[PDB]
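The chain below stands alone and is given in structure tokens; this is the form deposited in one PDB entry.
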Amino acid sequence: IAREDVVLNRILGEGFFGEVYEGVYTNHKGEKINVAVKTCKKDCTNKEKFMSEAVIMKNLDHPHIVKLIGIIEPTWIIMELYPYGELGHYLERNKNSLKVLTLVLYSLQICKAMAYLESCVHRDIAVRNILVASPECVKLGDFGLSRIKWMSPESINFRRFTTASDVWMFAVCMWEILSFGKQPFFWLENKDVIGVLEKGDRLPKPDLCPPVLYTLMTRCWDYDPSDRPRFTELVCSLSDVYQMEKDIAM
């Protein structure tokens, strides 16, 4: 991509490596696309991790992961912009109008993204880091995509981070979604989390959450990571919950 084909309109926010801008990319066929432009600070050491995380994104293609459009090799990563913004905020603003079928759909879409990644891990599966492409489509963000109140017991007790630990974190994300964006364990200080988990206590069932889905979340929070469902199983389970909620709804 040539720099002249990308115009910056305003600040979006401060990314991990530097500022992110809202802009417009115009095709070699001359069509306009709203984009998010990731930059690197001129003070950066990480400048190589920044490009290598971009190479990874360049090689990913999934309907439920944010799309990289191209890389202007000051180095800019051109991502597709999703103007509805973050899922957390979207849930909070729309909680009067959102139905449970849609929250289950978002969960299923993220689960498919995770199943794909498993076929890489994602260390920030959380509603603040998920983008809303449209009212019926969400996209896992790039930040945290790689090769405390969100973390598995083994991740806390022993610094281990496996796919089974991502399944734990995924159910936390599901809990956030079904709670309309509430923070997991907002009632606790970090130091208290593991003791609660060790006693067998878990995030409580959100009000809107179908009991079958809470039972699913509960399995994902099995203390022994080997007993937790795998992402492929979860896709099937969630697809069943979704189809059922669809019939119940209409």
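For clarity, a rigid core is taken as the largest C-alpha set superposing within 1.5 Å between two forms. From 1 onward, residues are counted along the sequence shown.
Another form, the form deposited in another entry, is not on view; read the next lines as being about it.
Comparing the forms between the shown form and the other one, the C-alpha position of residue 229 differs by less than 2 angstroms, with the core used for superposition. Once both forms are fitted on their rigid core, the CA atom of residue 34 lies 2 Å or more apart between the shown form and the other one. With the core superposed, residue 244 shows a C-alpha displacement below 2 Å between the shown form and the other one.
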